[PDB]
file my_file15.tsv (TSV, C-alpha atoms and all ligand atoms)
chain	number	residue	atom	x	y	z
I	1	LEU	CA	-61.56	-2.15	29.77
I	2	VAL	CA	-61.41	-0.77	33.31
I	3	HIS	CA	-63.61	-1.68	36.35
I	4	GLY	CA	-65.25	-4.65	34.60
I	5	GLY	CA	-64.81	-8.38	34.96
I	6	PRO	CA	-64.32	-11.53	32.87
I	7	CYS	CA	-67.08	-12.14	30.29
I	8	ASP	CA	-69.23	-15.26	30.20
I	9	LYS	CA	-67.22	-17.22	27.54
I	10	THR	CA	-70.42	-17.87	25.47
I	11	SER	CA	-71.65	-14.23	25.46
I	12	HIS	CA	-69.22	-12.60	22.95
I	13	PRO	CA	-69.20	-14.75	19.71
I	14	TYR	CA	-68.90	-11.57	17.54
I	15	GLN	CA	-65.72	-10.39	19.27
I	16	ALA	CA	-62.54	-10.18	17.20
I	17	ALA	CA	-58.94	-9.69	18.46
I	18	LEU	CA	-56.71	-7.76	15.98
I	19	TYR	CA	-52.93	-8.42	16.16
I	20	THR	CA	-49.92	-6.76	14.51
I	21	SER	CA	-46.22	-7.34	15.37
I	22	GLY	CA	-47.31	-10.28	17.60
I	23	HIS	CA	-49.26	-8.20	20.16
I	24	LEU	CA	-52.91	-7.24	20.67
I	25	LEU	CA	-53.68	-3.97	18.88
I	26	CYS	CA	-57.51	-3.61	18.73
I	27	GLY	CA	-60.81	-5.31	19.04
I	28	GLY	CA	-63.26	-5.75	16.18
I	29	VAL	CA	-66.72	-7.02	15.43
I	30	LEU	CA	-67.64	-9.88	13.12
I	31	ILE	CA	-70.56	-8.52	11.04
I	32	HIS	CA	-70.54	-11.01	8.11
I	33	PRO	CA	-68.48	-14.23	7.63
I	34	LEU	CA	-66.09	-12.26	5.32
I	35	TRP	CA	-65.99	-8.94	7.26
I	36	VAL	CA	-64.83	-7.49	10.55
I	37	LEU	CA	-65.75	-3.88	11.49
I	38	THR	CA	-63.23	-1.91	13.59
I	39	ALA	CA	-61.94	1.64	14.13
I	40	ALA	CA	-59.92	3.39	11.31
I	41	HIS	CA	-57.16	4.21	13.88
I	42	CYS	CA	-56.51	0.43	14.05
I	43	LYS	CA	-55.02	0.42	10.53
I	44	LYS	CA	-51.55	-1.11	10.82
I	45	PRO	CA	-49.57	-3.43	8.47
I	46	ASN	CA	-50.21	-7.18	8.35
I	47	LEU	CA	-53.32	-7.26	10.59
I	48	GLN	CA	-54.12	-10.78	11.83
I	49	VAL	CA	-57.74	-11.37	12.93
I	50	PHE	CA	-58.55	-13.86	15.67
I	51	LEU	CA	-62.15	-15.09	16.07
I	52	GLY	CA	-63.56	-17.32	18.89
I	53	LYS	CA	-60.98	-16.10	21.43
I	54	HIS	CA	-61.68	-15.69	25.16
I	55	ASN	CA	-58.18	-16.12	26.70
I	56	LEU	CA	-55.32	-14.75	24.55
I	57	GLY	CA	-52.72	-16.63	26.66
I	58	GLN	CA	-53.96	-20.10	25.64
I	59	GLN	CA	-54.70	-21.98	22.43
I	60	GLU	CA	-58.49	-22.54	22.36
I	61	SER	CA	-60.49	-25.18	20.38
I	62	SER	CA	-62.95	-22.45	19.29
I	63	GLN	CA	-60.38	-20.01	17.80
I	64	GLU	CA	-60.04	-19.18	14.10
I	65	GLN	CA	-57.36	-16.99	12.49
I	66	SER	CA	-57.37	-14.94	9.27
I	67	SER	CA	-55.17	-12.52	7.41
I	68	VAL	CA	-56.76	-9.39	5.91
I	69	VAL	CA	-57.31	-9.17	2.07
I	70	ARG	CA	-57.96	-5.42	2.18
I	71	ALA	CA	-58.68	-2.75	4.80
I	72	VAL	CA	-61.34	-0.22	3.79
I	73	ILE	CA	-61.16	3.04	5.81
I	74	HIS	CA	-64.14	5.39	5.54
I	75	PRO	CA	-63.31	8.03	2.83
I	76	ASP	CA	-64.03	10.88	5.26
I	77	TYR	CA	-62.10	9.59	8.27
I	78	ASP	CA	-60.30	12.51	9.99
I	79	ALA	CA	-57.50	11.16	12.27
I	80	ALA	CA	-57.02	14.66	13.87
I	81	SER	CA	-60.59	14.83	15.27
I	82	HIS	CA	-61.46	11.03	15.27
I	83	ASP	CA	-64.43	11.88	13.00
I	84	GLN	CA	-65.84	8.89	11.00
I	85	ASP	CA	-63.52	6.39	12.82
I	86	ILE	CA	-64.58	3.24	10.99
I	87	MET	CA	-62.88	0.59	8.87
I	88	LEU	CA	-63.96	-2.69	7.24
I	89	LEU	CA	-61.57	-5.62	7.09
I	90	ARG	CA	-62.09	-8.33	4.47
I	91	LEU	CA	-61.06	-11.75	5.78
I	92	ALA	CA	-58.88	-14.02	3.53
I	93	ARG	CA	-60.96	-16.98	4.74
I	94	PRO	CA	-64.74	-16.82	5.55
I	95	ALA	CA	-65.29	-17.21	9.34
I	96	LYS	CA	-66.22	-20.83	10.24
I	97	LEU	CA	-69.35	-20.10	12.28
I	98	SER	CA	-69.98	-21.95	15.57
I	99	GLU	CA	-71.75	-21.22	18.87
I	100	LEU	CA	-68.55	-19.26	19.71
I	101	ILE	CA	-68.12	-17.46	16.27
I	102	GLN	CA	-71.20	-15.51	15.07
I	103	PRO	CA	-71.84	-12.07	13.47
I	104	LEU	CA	-73.54	-9.27	15.40
I	105	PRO	CA	-76.44	-7.43	13.63
I	106	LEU	CA	-76.01	-3.64	13.27
I	107	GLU	CA	-78.27	-0.98	14.68
I	108	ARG	CA	-79.52	0.88	11.54
I	109	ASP	CA	-81.88	3.19	13.49
I	110	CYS	CA	-80.10	6.38	14.58
I	111	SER	CA	-83.12	7.24	16.81
I	112	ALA	CA	-82.86	3.80	18.51
I	113	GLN	CA	-84.26	3.69	21.99
I	114	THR	CA	-82.10	1.30	24.07
I	115	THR	CA	-79.86	3.16	26.51
I	116	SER	CA	-78.62	0.07	28.44
I	117	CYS	CA	-75.47	-1.26	26.78
I	118	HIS	CA	-72.32	-3.29	27.21
I	119	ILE	CA	-68.67	-3.08	26.15
I	120	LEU	CA	-65.99	-5.73	25.89
I	121	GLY	CA	-62.34	-6.10	25.07
I	122	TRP	CA	-58.77	-7.14	25.86
I	123	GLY	CA	-57.61	-3.56	26.41
I	124	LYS	CA	-55.76	-2.26	29.52
I	125	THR	CA	-57.46	-2.92	32.89
I	126	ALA	CA	-57.38	-0.84	36.16
I	127	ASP	CA	-53.90	-2.30	37.11
I	128	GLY	CA	-52.57	-1.06	33.71
I	129	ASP	CA	-51.78	-4.59	32.43
I	130	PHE	CA	-53.19	-6.21	29.26
I	131	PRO	CA	-55.45	-9.09	30.35
I	132	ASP	CA	-55.32	-12.55	28.84
I	133	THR	CA	-59.08	-12.92	29.55
I	134	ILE	CA	-61.67	-10.71	27.79
I	135	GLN	CA	-63.36	-8.07	30.01
I	136	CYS	CA	-67.05	-7.02	30.03
I	137	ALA	CA	-68.91	-4.06	31.56
I	138	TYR	CA	-72.46	-2.76	31.50
I	139	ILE	CA	-72.52	0.99	30.65
I	140	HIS	CA	-75.17	3.53	29.65
I	141	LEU	CA	-75.59	5.90	26.74
I	142	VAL	CA	-74.81	9.52	27.69
I	143	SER	CA	-76.92	12.27	26.05
I	144	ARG	CA	-75.38	14.29	23.16
I	145	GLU	CA	-75.56	17.61	25.14
I	146	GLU	CA	-73.81	16.02	28.18
I	147	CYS	CA	-70.99	14.57	26.06
I	148	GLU	CA	-70.59	17.93	24.28
I	149	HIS	CA	-69.78	19.59	27.67
I	150	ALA	CA	-67.32	16.81	28.68
I	151	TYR	CA	-65.35	17.38	25.41
I	152	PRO	CA	-66.15	20.91	24.05
I	153	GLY	CA	-66.14	21.21	20.23
I	154	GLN	CA	-65.05	17.52	19.82
I	155	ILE	CA	-68.38	15.56	19.48
I	156	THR	CA	-69.84	15.13	15.93
I	157	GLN	CA	-73.09	13.44	14.76
I	158	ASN	CA	-70.86	10.43	13.81
I	159	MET	CA	-70.10	9.79	17.50
I	160	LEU	CA	-72.09	8.40	20.49
I	161	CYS	CA	-71.16	8.69	24.11
I	162	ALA	CA	-71.44	6.07	26.83
I	163	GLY	CA	-70.13	5.45	30.33
I	164	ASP	CA	-70.69	4.70	34.01
I	165	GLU	CA	-71.17	7.68	36.41
I	166	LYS	CA	-71.02	5.35	39.49
I	167	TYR	CA	-67.75	3.35	39.07
I	168	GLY	CA	-66.21	4.69	35.83
I	169	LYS	CA	-66.56	1.45	33.74
I	170	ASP	CA	-64.90	2.43	30.42
I	171	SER	CA	-63.12	1.09	27.33
I	172	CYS	CA	-59.31	1.72	27.09
I	173	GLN	CA	-56.22	1.41	24.81
I	174	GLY	CA	-56.46	-1.96	23.10
I	175	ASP	CA	-60.33	-1.95	23.18
I	176	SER	CA	-60.43	0.38	20.07
I	177	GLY	CA	-62.73	-1.00	17.35
I	178	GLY	CA	-64.56	-3.22	19.83
I	179	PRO	CA	-68.32	-3.24	20.18
I	180	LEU	CA	-70.79	-1.07	22.09
I	181	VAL	CA	-73.81	-3.50	22.18
I	182	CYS	CA	-77.32	-2.10	22.82
I	183	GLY	CA	-80.40	-4.34	22.56
I	184	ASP	CA	-78.23	-7.17	21.10
I	185	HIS	CA	-77.30	-4.90	18.14
I	186	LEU	CA	-73.99	-3.17	17.33
I	187	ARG	CA	-74.63	0.46	18.26
I	188	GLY	CA	-71.07	1.77	18.32
I	189	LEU	CA	-67.35	1.08	18.02
I	190	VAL	CA	-64.75	1.93	20.70
I	191	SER	CA	-63.12	5.13	19.41
I	192	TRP	CA	-61.66	7.44	22.11
I	193	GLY	CA	-62.39	9.01	25.52
I	194	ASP	CA	-60.66	10.24	28.68
I	195	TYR	CA	-57.02	9.82	29.71
I	196	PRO	CA	-56.54	7.81	31.91
I	197	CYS	CA	-59.37	5.39	31.08
I	198	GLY	CA	-62.37	5.68	33.42
I	199	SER	CA	-65.73	7.29	32.66
I	200	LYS	CA	-66.66	8.70	36.16
I	201	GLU	CA	-65.89	12.29	34.92
I	202	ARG	CA	-66.03	12.17	31.04
I	203	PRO	CA	-67.73	9.34	29.04
I	204	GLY	CA	-66.27	6.98	26.42
I	205	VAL	CA	-66.68	8.17	22.78
I	206	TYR	CA	-67.89	5.62	20.19
I	207	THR	CA	-68.26	5.64	16.40
I	208	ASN	CA	-72.02	5.92	15.60
I	209	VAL	CA	-72.57	2.74	13.48
I	210	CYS	CA	-76.16	3.65	12.38
I	211	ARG	CA	-74.72	6.48	10.22
I	212	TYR	CA	-72.71	4.00	8.08
I	213	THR	CA	-75.46	1.67	6.79
I	214	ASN	CA	-75.03	2.74	3.12
I	215	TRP	CA	-71.19	2.71	3.15
I	216	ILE	CA	-71.02	-0.72	4.88
I	217	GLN	CA	-73.54	-2.17	2.32
I	218	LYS	CA	-71.70	-0.61	-0.68
I	219	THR	CA	-68.29	-1.91	0.61
I	220	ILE	CA	-69.53	-5.44	1.23
I	221	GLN	CA	-71.17	-5.56	-2.22
I	222	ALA	CA	-68.02	-4.20	-4.07
I	301	LIG	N1	-61.08	6.22	27.58
I	301	LIG	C1	-61.57	5.64	26.47
I	301	LIG	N2	-62.81	5.29	26.41
I	301	LIG	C2	-60.69	5.31	25.35
I	301	LIG	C3	-61.02	4.21	24.55
I	301	LIG	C4	-60.23	3.83	23.48
I	301	LIG	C5	-59.09	4.54	23.16
I	301	LIG	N3	-58.29	4.12	22.12
I	301	LIG	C6	-56.98	4.67	21.81
I	301	LIG	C7	-57.06	5.63	20.68
I	301	LIG	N4	-58.20	6.23	20.27
I	301	LIG	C8	-57.84	7.03	19.23
I	301	LIG	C9	-56.49	6.88	18.99
I	301	LIG	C10	-55.68	7.47	17.92
I	301	LIG	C11	-56.30	8.12	16.85
I	301	LIG	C12	-55.54	8.68	15.83
I	301	LIG	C13	-54.16	8.59	15.85
I	301	LIG	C14	-53.54	7.95	16.91
I	301	LIG	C15	-54.29	7.39	17.94
I	301	LIG	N5	-56.01	5.97	19.90
I	301	LIG	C16	-58.74	5.66	23.92
I	301	LIG	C17	-59.52	6.03	25.01
I	301	LIG	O1	-59.18	7.09	25.82
I	301	LIG	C18	-58.03	7.89	25.48
I	301	LIG	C19	-56.77	7.14	25.81
I	301	LIG	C20	-55.60	7.33	25.09
I	301	LIG	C21	-54.47	6.59	25.40
I	301	LIG	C22	-54.55	5.67	26.42
I	301	LIG	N6	-55.67	5.45	27.13
I	301	LIG	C23	-56.74	6.18	26.81

call {"tool": "encode", "arguments": {"input": "my_file15.tsv", "output": "structure tokens"}}
result
Amino acid sequence: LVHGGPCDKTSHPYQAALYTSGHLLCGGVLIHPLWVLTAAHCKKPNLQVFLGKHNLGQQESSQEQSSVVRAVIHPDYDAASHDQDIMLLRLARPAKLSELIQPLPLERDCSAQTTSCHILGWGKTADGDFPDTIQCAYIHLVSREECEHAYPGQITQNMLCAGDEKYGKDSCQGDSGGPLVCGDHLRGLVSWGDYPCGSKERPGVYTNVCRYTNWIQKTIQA
């Protein structure tokens, strides 16, 4: 996450850190004590989910760890175009909820109003390093027509765009699968965007969570 700052340690209880090979790979969102929602491009072997993390460089009293039982990628995910970039992870152990570990409710309304949003993650910052402390930024939803011109032929109905025209606040590598929060609801998941990270010119592209209500329900009930 570029051009942001450290989060208030009590503001992100839904945030998950996804590790493979001992390093941070992706973010994720706790949506149910047994499930974390992330991007399908985060599928890697032996994912380890960390809940209640703020600083990755220190052992915290709030942190919980879980292996993944199964990873459920959306049947229509297209890695070439990033279309339907969503995956459900079933936790081996139900998340022990606290004031620092809580699920985030999903936005089910695709017409939903709220344009003022926020992003968070442990992805690459402006200096190019991977921060130990989670980063936050307030960003705004970018209209469908405007995102379509930034990335011609690349934006589907399963994607939402968001960014910051003023300073370029944007998600980055490592933020993938993290949340786009609008009106205290999960509106999107970090999917892709511009290279290098920064949304001054072209906005960040997010998986449109409202489109997956049925599939998320059906997966959780399976
Ligand atoms: N600028 C952004 N808002 C942004 C946010 C997240 C990501 N995630 C990386 C990522 N998305 C999709 C894939 C992927 C999919 C299929 C197969 C292999 C890989 N990888 C990338 C972003 O911008 C591009 C970018 C690329 C590399 C380094 N920095 C930024």

call {"tool": "atom_distance", "arguments": {"input": "my_file15.tsv", "atom1": "atom CA of residue I:221", "atom2": "atom CA of residue I:45"}}
result
24.2 Å

call {"tool": "atom_distance", "arguments": {"input": "my_file15.tsv", "atom1": "atom CA of residue I:171", "atom2": "atom CA of residue I:86"}}
result
16.5 Å

call {"tool": "residues_near_ligand", "arguments": {"input": "my_file15.tsv", "ligand": "ligand LIG 301 (chain I)", "cutoff": "8 Å", "atoms": "all atoms listed in the file", "output": "list in words"}}
result
residues 41, 79, 80, 81, 82, 170, 171, 172, 173, 174, 175, 176, 190, 191, 192, 193, 194, 195, 196, 197, 198, 199, 203, 204 and 205 of chain I

call {"tool": "write_last_selection", "arguments": {"input": "my_file15.tsv", "atoms": "C-alpha atoms", "output": "short mmCIF file (atom, residue, chain, number, x, y, z; two decimals), in the frame of the given file"}}
result
data_model
loop_
_atom_site.label_atom_id
_atom_site.label_comp_id
_atom_site.auth_asym_id
_atom_site.auth_seq_id
_atom_site.Cartn_x
_atom_site.Cartn_y
_atom_site.Cartn_z
CA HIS I 41 -57.16 4.21 13.88
CA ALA I 79 -57.50 11.16 12.27
CA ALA I 80 -57.02 14.66 13.87
CA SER I 81 -60.59 14.83 15.27
CA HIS I 82 -61.46 11.03 15.27
CA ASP I 170 -64.90 2.43 30.42
CA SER I 171 -63.12 1.09 27.33
CA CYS I 172 -59.31 1.72 27.09
CA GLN I 173 -56.22 1.41 24.81
CA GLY I 174 -56.46 -1.96 23.10
CA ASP I 175 -60.33 -1.95 23.18
CA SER I 176 -60.43 0.38 20.07
CA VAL I 190 -64.75 1.93 20.70
CA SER I 191 -63.12 5.13 19.41
CA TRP I 192 -61.66 7.44 22.11
CA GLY I 193 -62.39 9.01 25.52
CA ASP I 194 -60.66 10.24 28.68
CA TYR I 195 -57.02 9.82 29.71
CA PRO I 196 -56.54 7.81 31.91
CA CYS I 197 -59.37 5.39 31.08
CA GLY I 198 -62.37 5.68 33.42
CA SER I 199 -65.73 7.29 32.66
CA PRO I 203 -67.73 9.34 29.04
CA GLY I 204 -66.27 6.98 26.42
CA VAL I 205 -66.68 8.17 22.78
#

call {"tool": "residues_around", "arguments": {"input": "my_file15.tsv", "residues": "residue I:51", "least_positions_apart": "2", "cutoff": "8 Å", "atoms": "only C-alpha atoms", "output": "number ranges by chain"}}
result
I: 13-17, 49, 53, 63-65, 95, 101

call {"tool": "residues_around", "arguments": {"input": "my_file15.tsv", "residues": "residue I:106", "least_positions_apart": "4", "cutoff": "7 Å", "atoms": "only C-alpha atoms", "output": "PyMOL selection string"}}
result
chain I and resi 185-187

call {"tool": "atom_distance", "arguments": {"input": "my_file15.tsv", "atom1": "atom CA of residue I:66", "atom2": "atom CA of residue I:90"}}
result
9.4 Å

call {"tool": "axis_aligned_box", "arguments": {"input": "my_file15.tsv", "around": "stretch 189-201 of chain I", "padding_each_side": "6 Å", "output": "AutoDock Vina command-line options"}}
result
--center_x -61.9 --center_y 6.7 --center_z 27.1 --size_x 22.8 --size_y 23.2 --size_z 30.1

call {"tool": "closest_residue", "arguments": {"input": "my_file15.tsv", "among": "I:36, I:30, I:141, I:88", "to": "residue I:218", "atoms": "only C-alpha atoms"}}
result
I:88

call {"tool": "residues_around", "arguments": {"input": "my_file15.tsv", "residues": "residue I:207", "least_positions_apart": "6", "cutoff": "10 Å", "atoms": "only C-alpha atoms", "output": "list in words"}}
result
residues 38, 39, 82, 83, 84, 85, 86, 156, 157, 158, 159, 160, 161, 177, 179, 180, 187, 188, 189, 190, 191 and 192 of chain I

call {"tool": "decode", "arguments": {"input": "my_file15.tsv", "residues": "stretch 32-46 of chain I", "atoms": "N, CA, C and O atoms", "output": "PDB file, in the first residue's frame"}}
result
ATOM      1  N   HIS I  32     -16.198 -15.107   8.334  1.00  0.00           N
ATOM      2  CA  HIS I  32     -16.899 -16.106   9.141  1.00  0.00           C
ATOM      3  C   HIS I  32     -15.787 -16.760   9.962  1.00  0.00           C
ATOM      4  O   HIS I  32     -14.634 -16.806   9.503  1.00  0.00           O
ATOM      5  N   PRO I  33     -16.036 -17.214  11.202  1.00  0.00           N
ATOM      6  CA  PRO I  33     -14.937 -17.817  11.980  1.00  0.00           C
ATOM      7  C   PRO I  33     -14.169 -18.950  11.275  1.00  0.00           C
ATOM      8  O   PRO I  33     -13.006 -19.165  11.585  1.00  0.00           O
ATOM      9  N   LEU I  34     -14.781 -19.626  10.285  1.00  0.00           N
ATOM     10  CA  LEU I  34     -14.131 -20.725   9.569  1.00  0.00           C
ATOM     11  C   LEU I  34     -13.622 -20.323   8.165  1.00  0.00           C
ATOM     12  O   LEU I  34     -13.039 -21.164   7.483  1.00  0.00           O
ATOM     13  N   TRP I  35     -13.870 -19.069   7.727  1.00  0.00           N
ATOM     14  CA  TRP I  35     -13.531 -18.688   6.362  1.00  0.00           C
ATOM     15  C   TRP I  35     -12.850 -17.348   6.160  1.00  0.00           C
ATOM     16  O   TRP I  35     -13.328 -16.317   6.625  1.00  0.00           O
ATOM     17  N   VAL I  36     -11.830 -17.360   5.312  1.00  0.00           N
ATOM     18  CA  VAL I  36     -11.154 -16.138   4.904  1.00  0.00           C
ATOM     19  C   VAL I  36     -11.374 -15.992   3.373  1.00  0.00           C
ATOM     20  O   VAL I  36     -11.205 -16.962   2.617  1.00  0.00           O
ATOM     21  N   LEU I  37     -11.730 -14.787   2.933  1.00  0.00           N
ATOM     22  CA  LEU I  37     -11.946 -14.481   1.530  1.00  0.00           C
ATOM     23  C   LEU I  37     -10.681 -13.741   1.041  1.00  0.00           C
ATOM     24  O   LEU I  37     -10.123 -12.864   1.747  1.00  0.00           O
ATOM     25  N   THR I  38     -10.184 -14.147  -0.135  1.00  0.00           N
ATOM     26  CA  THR I  38      -8.978 -13.545  -0.708  1.00  0.00           C
ATOM     27  C   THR I  38      -9.087 -13.627  -2.243  1.00  0.00           C
ATOM     28  O   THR I  38     -10.139 -13.995  -2.791  1.00  0.00           O
ATOM     29  N   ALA I  39      -8.026 -13.219  -2.946  1.00  0.00           N
ATOM     30  CA  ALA I  39      -8.014 -13.260  -4.386  1.00  0.00           C
ATOM     31  C   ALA I  39      -7.579 -14.675  -4.861  1.00  0.00           C
ATOM     32  O   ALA I  39      -6.744 -15.313  -4.220  1.00  0.00           O
ATOM     33  N   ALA I  40      -8.163 -15.164  -5.980  1.00  0.00           N
ATOM     34  CA  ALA I  40      -7.747 -16.476  -6.557  1.00  0.00           C
ATOM     35  C   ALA I  40      -6.257 -16.513  -6.992  1.00  0.00           C
ATOM     36  O   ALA I  40      -5.643 -17.579  -6.900  1.00  0.00           O
ATOM     37  N   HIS I  41      -5.645 -15.349  -7.315  1.00  0.00           N
ATOM     38  CA  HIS I  41      -4.218 -15.357  -7.674  1.00  0.00           C
ATOM     39  C   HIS I  41      -3.295 -15.551  -6.462  1.00  0.00           C
ATOM     40  O   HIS I  41      -2.078 -15.659  -6.624  1.00  0.00           O
ATOM     41  N   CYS I  42      -3.873 -15.640  -5.253  1.00  0.00           N
ATOM     42  CA  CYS I  42      -3.141 -15.918  -4.026  1.00  0.00           C
ATOM     43  C   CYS I  42      -3.009 -17.415  -3.753  1.00  0.00           C
ATOM     44  O   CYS I  42      -2.458 -17.788  -2.720  1.00  0.00           O
ATOM     45  N   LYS I  43      -3.545 -18.266  -4.644  1.00  0.00           N
ATOM     46  CA  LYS I  43      -3.456 -19.706  -4.411  1.00  0.00           C
ATOM     47  C   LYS I  43      -2.013 -20.190  -4.547  1.00  0.00           C
ATOM     48  O   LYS I  43      -1.420 -20.097  -5.615  1.00  0.00           O
ATOM     49  N   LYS I  44      -1.451 -20.658  -3.453  1.00  0.00           N
ATOM     50  CA  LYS I  44      -0.091 -21.182  -3.419  1.00  0.00           C
ATOM     51  C   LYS I  44      -0.094 -22.343  -2.436  1.00  0.00           C
ATOM     52  O   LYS I  44      -1.006 -22.411  -1.605  1.00  0.00           O
ATOM     53  N   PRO I  45       0.880 -23.289  -2.497  1.00  0.00           N
ATOM     54  CA  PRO I  45       0.827 -24.412  -1.541  1.00  0.00           C
ATOM     55  C   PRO I  45       1.033 -23.990  -0.093  1.00  0.00           C
ATOM     56  O   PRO I  45       1.703 -22.987   0.193  1.00  0.00           O
ATOM     57  N   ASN I  46       0.456 -24.784   0.832  1.00  0.00           N
ATOM     58  CA  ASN I  46       0.640 -24.647   2.259  1.00  0.00           C
ATOM     59  C   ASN I  46       0.401 -23.223   2.782  1.00  0.00           C
ATOM     60  O   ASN I  46       1.209 -22.715   3.552  1.00  0.00           O
TER      61      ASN I  46
END
